[PDB]
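Engineer: Just to be clear, this is only the beginning of the complex, oriented as in the whole thing:
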Amino acid sequence: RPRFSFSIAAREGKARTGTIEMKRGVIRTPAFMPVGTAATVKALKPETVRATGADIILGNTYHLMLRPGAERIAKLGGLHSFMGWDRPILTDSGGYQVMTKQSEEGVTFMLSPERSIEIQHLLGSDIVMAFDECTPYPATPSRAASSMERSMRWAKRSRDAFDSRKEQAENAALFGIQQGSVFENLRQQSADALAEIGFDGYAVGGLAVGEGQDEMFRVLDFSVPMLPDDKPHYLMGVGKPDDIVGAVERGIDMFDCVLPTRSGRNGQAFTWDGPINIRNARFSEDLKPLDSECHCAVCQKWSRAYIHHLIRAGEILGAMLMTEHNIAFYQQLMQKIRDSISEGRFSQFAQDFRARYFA
């Protein structure tokens, strides 16, 4: 395999399906990336994450640079070896989660474009995110513009830091992040600056920060077409099933979110008929699986009533089973989206999905 090759195999409207080939593996797009924190996808062995269908996972830079330390992980052989995941890993740049002392050089809380890129190198990341300033929502246009402009200066710094390190440049990929809050002109300036610099993929940053789905979709409507069509489009931090479907309808190829893992541990199970909270007393004697159609190992073997008991009791197996189901559900969603675009029936799928999910 190549360092990086994105190929689009089929299209429907603005939606695309295809593949990213990297040295450590192939990523089917549109892709959902389960999130680790602290070098683990919470409550799952890597082999379980893979069995759900995940092709890539996100590593948590912020946590790891604090514990156990990026240099320690490199000493130990890198994140893949450390945690036992041998397929691609995307790492965020660490600044969204830091967001103490902010300046043009970076932030102390320390992190700069150069140090972020070096930490991701030490971790052995396959997809490296440029270091950016996420812009709070709402933002005035002045503030949005200042932030975006800083982020684009930091994007060039990130590019040059990555390219400076031969090992990294030859084996990893680098994504830039579009800012500009909800303002179309700032989103355009941002897209143009990133395209001039040139990246292997382009994230849409600064969304899912409190604006709500209608506003998120409105900004995606104009923002995603601004990015280079022939590179992947990553919507950071999104999201709920219905958010994913509409974002693919608007040209997004990649997704990450803590929703399935975090809310699973809290009792929320995704189903094709909408989310359920398994702690609810109505499930205490319900012998059906979490979802009626789901192919995961959890739905093949255990009832709602058992998982209800486990979560009510605070048992670790409860978090394990809920998280495996939720991540499997997300992967099954992505598979249905891929197959429906490939068959030219995604718009029908989206409508059918919504009718039933919100029934």
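Structural biologist: Yep, that arrived. Numbers count the residues shown, from 1 in each chain, chains lettered A, B, ... in the order given.
Engineer: any idea where the strands of the stretch 201-350 of chain A begin and end?
Structural biologist: A:201-204, A:233-235, A:254-257, A:268-269, A:276-277 (DSSP state E, counting those that start in this stretch).
Engineer: just the stretch 1-150 of chain A next, same as before
Structural biologist: Under DSSP E, counting those that start in this stretch, the stretch 1-150 of chain A gives strands at A:4-12, A:15-22, A:25-29, A:31-34, A:57-59, A:89-91, A:101-103, A:106-108, A:127-129.
Engineer: and among those, the most buried is which?
Structural biologist: Highest mean neighbour count among these (mean count of other Cβ atoms under 10 Å): strand A:127-129, with a mean of 28. In this view, the C-beta of every residue, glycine as well, is placed from N, C-alpha and C.
Engineer: could I get the strands of the stretch 1-150 of chain A as a markdown table with distance to residue A:350?
Structural biologist: Formatted as a markdown table, the strands of the stretch 1-150 of chain A follow (distance: least, Cβ to Cβ, whole Å):
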| stretch | distance to residue A:350 |
| --- | --- |
| strand A:4-12 | 10 |
| strand A:15-22 | 9 |
| strand A:25-29 | 17 |
| strand A:31-34 | 16 |
| strand A:57-59 | 25 |
| strand A:89-91 | 26 |
| strand A:101-103 | 40 |
| strand A:106-108 | 40 |
| strand A:127-129 | 27 |
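Engineer: just to revisit the earlier point, of the strands of the stretch 201-350 of chain A, which is nearest residue A:221?
Structural biologist: strand A:201-204 (11.5 Å; Cβ to Cβ).
Engineer: Can you tell me the strand partners of that closest one and which way each runs?
Structural biologist: Here strand A:201-204 is paired, per DSSP bridges, with strand A:173-178 (parallel), strand A:233-235 (parallel).
Engineer: Same list (the ones you listed) but as JSON lines, adding mean neighbour count.
Structural biologist: Listed next are those as JSON lines, based on neighbours: other Cβ atoms under 10 Å:
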{"stretch": "strand A:173-178", "mean neighbour count": "28"}
{"stretch": "strand A:233-235", "mean neighbour count": "27"}
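Engineer: Distance to residue A:299 for the ones you listed - can I get that in TSV?
Structural biologist: Output for the strands paired with strand A:201-204, formatted as TSV (distance: least, Cβ to Cβ, whole Å):
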stretch	distance to residue A:299
strand A:173-178	34
strand A:233-235	28
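Engineer: Go ahead and add chain B:
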Amino acid sequence: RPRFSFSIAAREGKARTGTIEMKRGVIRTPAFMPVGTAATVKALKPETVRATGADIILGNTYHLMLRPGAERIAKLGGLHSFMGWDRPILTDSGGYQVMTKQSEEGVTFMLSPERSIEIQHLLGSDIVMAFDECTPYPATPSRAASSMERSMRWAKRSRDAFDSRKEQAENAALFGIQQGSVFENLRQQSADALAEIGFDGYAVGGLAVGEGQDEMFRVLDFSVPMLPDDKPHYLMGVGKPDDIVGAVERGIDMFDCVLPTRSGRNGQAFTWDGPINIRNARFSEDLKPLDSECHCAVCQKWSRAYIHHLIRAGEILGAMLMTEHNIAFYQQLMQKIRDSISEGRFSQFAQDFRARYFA
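Structural biologist: So, slotting chain B in with the rest:
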């Protein structure tokens, strides 16, 4: 298979190795039984418990009768179906863990010999423990005697309750529990009373309650020979690796303990060179597996340094990996004990084990 058949295949001194055949499976003896609580072996899927080599697990009566309820579990199909373990289950009688208002009828806190036997029936237990009064340590001889005598009255009540229920009598087995604290004459009276009543197996109760290994071994020395030789001998609540080895040297066939699961979640890992606490800073960059010879999946794939990180971080995968290793270690110990008795070299094994474990 039969309801219950214990066959001794080989002997060495007082040690025995053999098999218990039951309808749901065969149990290799000497056996270690992982403990659930709340219808789960903490942090493990049943298939993982089986992969470690366990032939039977213990269910936690006390917890289950409170949550989710014994009648609810029966409504749902019984404990085996509920939790997904289709092999034998031993259930304790619930009184050790209760130990509010104690009387000849039983205890309120409610539980009596009859209700304990019925709860174990509702759970669908394969090996049912008689309901007894555990005797605190230390105990005066008067107090020990009174308690033992009550327990033997309750043992007959348990026998008659079990036999009254045809379904239970035909498909499950019933064990009696010897009391008498550390007093040989009371242990003899107890053995004699239980033998007169007749049980499928005999537990040694009332030990591992604070007396220390030397005293535990002294009481086993005279107590186990008092029990019928041709039935299994169960030492309840024992214990550390070294306790297990010496107890098999004294004629014990079955063991249960929370030590491997509970202490695993706390950072303690068993190894052939003695226990280690993985939280210790000395492991932070140690690339070796938890134990150098262990065949478990955890030692094949992850380092001490990773598990150290996980437990320090309070990550659920840490508890999962530590518990799988510890239960696998215990099962490997039992296998070495079985093979060494079968080959007439157990006394050598015991000496070698101790020299290295305490090196």
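Engineer: Near chain B, which residues of chain A? Just list them.
Structural biologist: A:38-40, A:42-45, A:67-68, A:72, A:75-77, A:82-84, A:284-285, A:287, A:301-303, A:305-306, A:309-310, A:312-313, A:315-317, A:319-320 (Cβ under 8 Å from any Cβ of the partner chain).
Engineer: Just the buried ones from these, in PyMOL syntax?
Structural biologist: To isolate the buried members of those in PyMOL, using 16 or more other Cβ atoms under 10 Å in any protein chain shown:
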select buried, chain A and resi 38+39+40+42+43+44+45+68+72+76+82+83+84+284+302+303+305+306+309+310+312+313+315+316+317+319+320
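Engineer: Mind checking which of the residues of chain A next to chain B are in helices?
Structural biologist: A:72, A:75, A:82-83, A:301, A:305-306, A:309-310, A:312, A:316-317, A:319-320 (DSSP state H).
Engineer: Tell me which two of these sit farthest apart.
Structural biologist: Between all members of these, the farthest pair (by Cβ to Cβ) comes out as A:75 and A:305, at 47.1 Å.
Engineer: From the centre of chain A, give me the residue that's furthest out.
Structural biologist: Most distant residue from the mean C-alpha position of chain A: residue A:285, 35.6 Å away (Cα atoms, centre = their mean).
Engineer: How much space separates that residue from residue B:82?
Structural biologist: 11 Å (Cβ to Cβ, to the nearest Å).
Engineer: so what sits against both of these two?
Structural biologist: Taking Cβ atoms under 8 Å, 6 or more residues apart in numbering or on different chains as the criterion, residue A:285 and residue B:82 both touch A:305, B:76.
Engineer: Stretch A:348-359: which residues count as buried?
Structural biologist: Those would be A:349-350, A:353, A:357, for stretch A:348-359 by 16+ other Cβ under 10 Å.
Engineer: Leaving out the residues flanking it, which one is nearest to the residue nearest the centre of chain A?
Structural biologist: By Cα atoms, centre = their mean, chain A has its centre lying nearest to residue A:256, at 1.6 Å. Sequence neighbours aside, residue A:33 is the residue nearest to residue A:256 in space, at 4.3 Å (criterion: Cβ to Cβ, 6 or more residues apart in numbering or on different chains).
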